[PDB]
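Residue numbers (the numbering used here): 3 to 433. The block underneath contains the structure these notes are about, expressed in structure tokens.
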RNA sequence: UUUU
Ligand SMILES: [Zn+2]
Ligand SMILES: [Zn+2]
């Protein structure tokens, strides 16, 4: 029993780790690389897809699934286990990836084939391959997200997948992992903890009452998946004290995902589940409008406030969000609220530097609108949660993170008495 | 971590 990291090593994208045991070859996630590594999506897996016994998906995010369709494009035909939640989201995630890709390293035929081999595997459901026993654990990062517990050959391995930020309210608490011989964990925020949740919300509401009352615009760049609808959850449970204004979720993808949420209620927190029991959908606050096409989206740049806008991409790497910022970032009455991580080097970081006037889509636009960064809205376990989850495990191999962050976490792990390393590309570790 |  060994685990060979095949992505997300000293990096965050490309998450894919081949589990070798019981004579079987199980594949944990099969995500795509993003941004700078993008090209490497064309390069070879590093293993023979045809020799894989069965693959497990921790969640539907593209960086853990974006490459699956490639796997099949190259021969794989085995089973792909996930939660119904991951399965349903996944369809949306991929279909979009197709349209977004410049260099489509796969096609509709591959996606269709991939989705075809998806077989449901819910929490506490034990799968058996060879002498190997597998099971999903509650990770709380996305609806239906999980961490893997691989047990066999008298050894125990845990692959954390992505862990959630337990402070928030939509998803359930991530679960503590079982005591294992080896833990292959993520460390996206291995360097720092997050701003508390309570105070980021309070601050959020504050920015809202002030911007809306003066009749301005609240521009919220967002990811179409958990993030978009989670912001809506706040608007829904605080709408009573919030000033009346249309809430434009100007992102079709976010819609499709939102439309899908009432079918996944069991995948949320007890709180979210209680609301649904009362016959209500807490992901649709009053005044919500899902903007489907360009014309209406453009119209919003010219229309006056007060209004709240949600658009992607959550990293300003394009999307309608640009066109919004291009036109409302120059008015001081408008507010810009970042509710997710902005990659360094990107426009987000730039705008946050707060220069006199950023450039957006071939034109310099003055920057008067206020800017705010609510890192407390992060969907990832901050360093303090990472330490608590990992607490107790003897051995730990860190994947998913920038070497610096991973290192930072390791120092703490080491000083704590935990044998730890930084997974290297294609270099299986002894379970 | 994808966005007409
Ligand atoms: Zn994720
Ligand atoms: Zn991830």
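Heads up, the beta-carbon is just placed ideally off N, CA and C, and yes, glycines get one too.
query	result
Who are the near neighbours of residue 289 in its chain, counting only those whose CB is closer than 6 Å to its CB and skipping five residues on each side?	248 and 249
Would you list the one or two residues that DSSP bridges to residue 262?	According to DSSP, which records beta bridges pairwise, residue 262 is partnered with nothing at all.
Residues around ligand 2, please: the ones whose beta-carbon is closer than 5 Å to some heavy atom of it, in chain order.	65 and 164
Give me whichever residues DSSP pairs with residue 219 in a beta bridge.	309
Excluding the 5 residues preceding and the 5 following residue 369 in the sequence, name in chain order all residues of the same chain whose CB lies nearer than 8 Å to its CB.	331, 332, 353, 356, 357, 358, 359 and 360
According to DSSP, what are the bridge partners of residue 372?	337
With a CB to CB cut of under 7 Å and the five nearest residues on each side skipped, what residues in its chain are close to residue 216?	335
Please return the same chain residues whose Cβ sits closer than 6 Å to the Cβ of residue 15, not counting the five positions on each side in sequence.	35, 36, 39 and 65
Could you tell me if residue 85 is buried or exposed, where buried requires 16 or more neighbouring beta carbons within 10 angstroms of its beta carbon?	buried
Among the residues of its own chain, which have a CB less than 6 Å from the CB of residue 113, if the five just before and after it don't count?	71 and 96
Check whether the stretch 375-390 and the stretch 194-205 are in contact - that is, three or more C-beta pairs closer than 8 Å.	yes
At which residues does the alpha helix (DSSP H) containing residue 63 begin and terminate?	Residue 63 -> no alpha helix (DSSP H), and no H or E assigned at all.
So what does DSSP say about residue 352, is it helix, strand or coil?	helix
Please confirm whether residue 54 and residue 27 have their CB atoms less than 7 Å apart.	yes
Would you call the CB atoms of residue 174 and residue 238 closer than 7 Å?	no
Any chance the CB of residue 242 is under 6 Å from a heavy atom of ligand 1?	no
Taking C-beta to C-beta, are residue 263 and residue 278 nearer than 7 Å?	no
Let's see if you can read the secondary structure: which residues bound the beta strand (DSSP E) around residue 233?	Element bounds for residue 233: not the beta strand (DSSP E) but the alpha helix (DSSP H), 228-240.
Heavy atom of ligand 1 less than 6 Å from the Cβ of residue 63, yes or no?	yes
Quick one: grab the DSSP three-state call for residue 71.	helix
Within its chain, find whatever has a CB closer than 8 Å to the CB of residue 259; leave out the 5 residues flanking it on each side and keep chain order.	91, 94, 226, 227, 230 and 231
Taking the beta carbon of residue 50 as the centre, do at least 16 other beta carbons fall within 10 Å, making it buried, or is it exposed?	exposed
Residues in its own chain within less than 6 Å of residue 136 by CB, not counting five upstream and five downstream?	129 and 152
Please report the distance separating the alpha-carbon of residue 295 from that of residue 210.	26 Å
Which value, in whole angstroms, describes the spacing of the CA atoms of residue 167 and residue 271?	13 Å
For residue 269, which three-state DSSP category applies?	helix
Give, in chain order, every unbroken run of the beta strand (DSSP E) that is at least 3 residues long and sits entirely within the stretch 101-182.	120-122, 129-131, 134-140, 148-154 and 157-161
Please go through the same chain and pick out, in chain order, the residues whose beta-carbon is closer than 6 Å to the beta-carbon of residue 329, but skip the five residues on each side of it.	303
I need the straight-line Cα distance from residue 24 to residue 5, nearest angstrom please.	12 Å
Return the residue from the list 29, 203 and 159 that minimises the CA-CA distance to residue 341.	203
Put residue 78 into one of helix, strand or coil per three-state DSSP.	coil
Report the three-state DSSP secondary structure of residue 250 (helix, strand or coil).	strand
Identify the residues that DSSP records as bridge partners of residue 23: which are they?	26
Just checking my contact of residue 401 with residue 422 at CB under 8 Å: how many whole Å lie between their CB atoms?	12 Å between Cβ atoms; not a contact.
Grouping DSSP H, G and I as helix and E and B as strand, with all else coil, what is residue 298?	helix
Nearest-angstrom Cα distance between residue 183 and residue 433?	6 Å
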